[PDB]
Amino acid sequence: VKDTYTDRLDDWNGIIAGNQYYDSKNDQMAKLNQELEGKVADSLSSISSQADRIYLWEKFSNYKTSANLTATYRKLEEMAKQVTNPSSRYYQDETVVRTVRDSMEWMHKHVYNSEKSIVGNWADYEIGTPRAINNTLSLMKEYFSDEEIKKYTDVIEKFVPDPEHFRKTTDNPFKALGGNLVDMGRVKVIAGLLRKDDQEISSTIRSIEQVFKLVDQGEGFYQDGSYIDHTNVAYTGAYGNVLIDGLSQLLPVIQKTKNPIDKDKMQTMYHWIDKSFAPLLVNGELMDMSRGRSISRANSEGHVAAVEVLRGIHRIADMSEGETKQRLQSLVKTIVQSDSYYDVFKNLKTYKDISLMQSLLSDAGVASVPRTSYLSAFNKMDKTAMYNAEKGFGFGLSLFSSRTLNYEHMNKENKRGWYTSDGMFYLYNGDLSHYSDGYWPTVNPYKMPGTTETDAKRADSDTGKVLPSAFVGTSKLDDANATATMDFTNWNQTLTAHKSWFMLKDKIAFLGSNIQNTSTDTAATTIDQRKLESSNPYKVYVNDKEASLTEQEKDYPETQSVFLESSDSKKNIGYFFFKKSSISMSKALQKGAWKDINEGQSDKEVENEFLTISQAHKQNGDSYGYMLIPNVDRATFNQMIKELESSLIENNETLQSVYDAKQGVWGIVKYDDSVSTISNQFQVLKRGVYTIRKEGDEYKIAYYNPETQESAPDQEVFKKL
């Protein structure tokens, strides 16, 4: 029956497929059509028929495996997309129309109905499969009766009756928030339209509106830009993606129902984009420290994941107007144009998304100016993101605390993420491919860059933990300078370190003190583990003399510096040791498979070459201290290290500080309330984290107490001499 419900479903069809916008002469659209043609062809050539089978497809045959339900129904959705595309060879095809109709009947009566209970993963029963059923019926609504559409969606109402909770039919239901709550909208708003049910529609939209509230605690978006999901995990870059991606699809539909959402409510979306999402996007890549277990998915490396966010932003731009529209258009445009590695179109999966992106990129009225420098201290999820526009590098610092989980191993994904928040750092430079092309299955998980660890073996079956200490956090002065610390204890309470970081515009100092080990395992800090490009080799220098690295580790006692020199200065990396230090280095081919870190991924062997730099800590009370200096040439690095000769102020069990004399900026971490006199110029008075600038006779002060999560009046913490 044609009415306002099907008008809304027409709009939905325009969003999830966009056949109305298809143009055979548009090369990018023709590529997506060909992909869908091939998928439908494969499905049709593969499908079982004859004598009411045991499965529809063999590759998805075991219905105790819940992923097989969703993958099966997603194949029917693909058929529904093509049967309604005038340019498809399957347009109005009699076999395809009957295949979809009769495939829905077979699954309904044999596999997935109201009489069933969840077996395997609840998310397939309540999200993945219902989304696929909804979209199939919406696209093919002119081939089904209203009674059939009700019949085929009754199962969705059995598993998901309550728009405020998931797992309703289990013995442990949970409250829907965040990305999962947006998915509640894609399930129940669309099912509600298909079944012409006003109460489902209105109740679901009301439930979704809690997504616009910033939170002080628990799951959701925070004022400082952090996003928490799964109780206590930093998650902007996977669950936050689902939130923005899904919500931006639903909103044009919701706003034309009888229950639209107040514009005042939706204003929070622009906060998310500017405060939460944008800082995590560097040269088209979404920072892995925000993506939880999704790093272990071969098809979702960081440039691919970023497109989920970017397509969400671009849809929000399209529903906005004036200066808000223009500025969001400009954000997407500059990010896409900065990405020389990944083709954004490879993850634009509907015709309207392709069309929107094309219009944006060719519209000379939309500005595309390189993004400026920024530094975001996401203290409410224990991450920090930094970007220098002058020199062209990003830096991410991945921590955890008593408030957050270190890593997520769940659903057999991310089995070796053990050390990815133990003070792991990321450097984003002119190698845009660095954390892609199989980084995650080939990196040595025992040597995550920045981390201080023993060499004890770890079990894949382990799960994450919180840190004993609350003394973890970042004090930000401005968009170029900040200081961080982490009162680190390792997973089995055999090793400690006071680890601190001094972000000083164009360089980052790494200081560690109080390094102790009560195990018989050996302790070391990984200075770096950098994935190489065979097309762009590094020439390595130690103390400014060329070194030949091998697979076998070589020791370099009395090292003042290491320099990794590329043909491209924007890939150069220097390490300056404040005090001569004993390090070791190697260059080696490392092999692995995605299946090693995620059971559901391919067992195909992958390999990459890595350069590893490490510093052993054989004695209690040990220390490290060095400056990472990216994106300068060798002569400039050599000059800078002379400038920085006396930049280390202190690195002991109670006080760590570095001074940048060129800027007039100090970073300081105090572990106690003693009076600390600094550079014969001022005193700092309280346990906590500081970044201070001198401008003539005045001081600008940024103090943070990580444990109480508060700053403090200047006079409590600072005294001029």
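In this text, residue numbers run from 1 along the sequence as written.
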Next on the checklist: Mean Cα B factor from the PDB record: higher for 167-175, or higher for 576-584?
Outcome noted: 167-175
Checklist outcome for this item: The stretch carrying the higher mean Cα B factor in the deposited entry, 176-184 or 299-307, is 176-184
Checklist entry - Which one, 443, 139, 472, 253, has the peak C-alpha temperature factor per the PDB entry? => result 253
Checklist entry - Which has the highest CA B-factor per the PDB entry: 274, 478, 162, 453? => result 162
Checklist entry - What third of its chain's C-alpha B-factors does residue 293 belong to: lowest, middle or highest? => result lowest
Item to check | Third of the chain's Cα B-factor distribution that residue 100 belongs to, per the entry | outcome: highest
Checklist entry - Sorting the chain's CA B-factors, does residue 59 end up in the lowest, middle or highest third? => result highest
Item to check | Record-listed C-alpha B factor of residue 39: chain third | outcome: highest
Next on the checklist: Per the entry's values, where does residue 70 land by CA temperature factor relative to the rest of its chain, in the lowest, middle or highest third?
Outcome noted: highest
